[PDB]
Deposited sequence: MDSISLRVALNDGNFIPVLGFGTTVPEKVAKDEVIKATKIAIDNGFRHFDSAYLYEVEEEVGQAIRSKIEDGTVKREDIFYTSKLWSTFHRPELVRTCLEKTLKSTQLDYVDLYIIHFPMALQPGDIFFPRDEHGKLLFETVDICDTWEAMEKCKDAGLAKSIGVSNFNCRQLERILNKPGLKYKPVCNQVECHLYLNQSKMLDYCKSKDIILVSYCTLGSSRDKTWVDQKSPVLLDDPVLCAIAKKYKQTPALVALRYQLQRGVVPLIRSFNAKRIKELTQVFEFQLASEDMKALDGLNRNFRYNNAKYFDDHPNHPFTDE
């Protein structure tokens, strides 16, 4: 409570709280209680999406705190994402309007395209053919982007950005003739093992913020790899040295390099743990040491990449 709700600038004049809180269940019912505990602890940046099927639950939690006067609408930064089946220029706002109806907020502070790939419009999140294969559809991202800009103009989304865009896809938008508004962020997976320096540097020059997910490394018989990031000896070494936890040093690392981290805990003790992230600093030797962990490993829980 206090510093983790302080803001960083967006290229459109808006500011975003420096630490975000993800809203993804693993009972929907627990989402609302976690959001409430999070808000009481200083969190002002909530990240959800159409896909998550929990925006209703997140709205109730947010509005409970507006009602009890803990927070005002303007104190909350709420992010939502456009789902793939709604990539057609005409269906973009349909998607956003469903979010606004579900959350009961008048607008969203940040609307971002969840993925660049488009899927056929329907009532299914991931539609498939007879052989159970995804029904992709070709819709030029510049067309979806234009629809996004219309959303911002209509005042339904304060800011607009993207998520999971690579260098060429990001450039495509930036070089689209008649660009009205450029993305304010690029939400990508980023952590000690997949640090995204190229992407980060590119963003800094384009004046775009990189929002990280799977920051702390995020039951089946097969997948062979997933090293548990928080068990890393170098990390545990440096945590032990600063008398911190592996998770805080991992988070502090993202903050010091200019990334707006996304975290998520449904545990009241771990939620409070995270608010102490600004209580120390990583000395450069330690920063370089951490940069060394980059082994380019992607968890890609969504099997997208």
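Sequence ranges without modelled C-alpha atoms (deposited numbering): According to the record, the gaps fall at 27 to 29, 222 to 224, 312 to 322.
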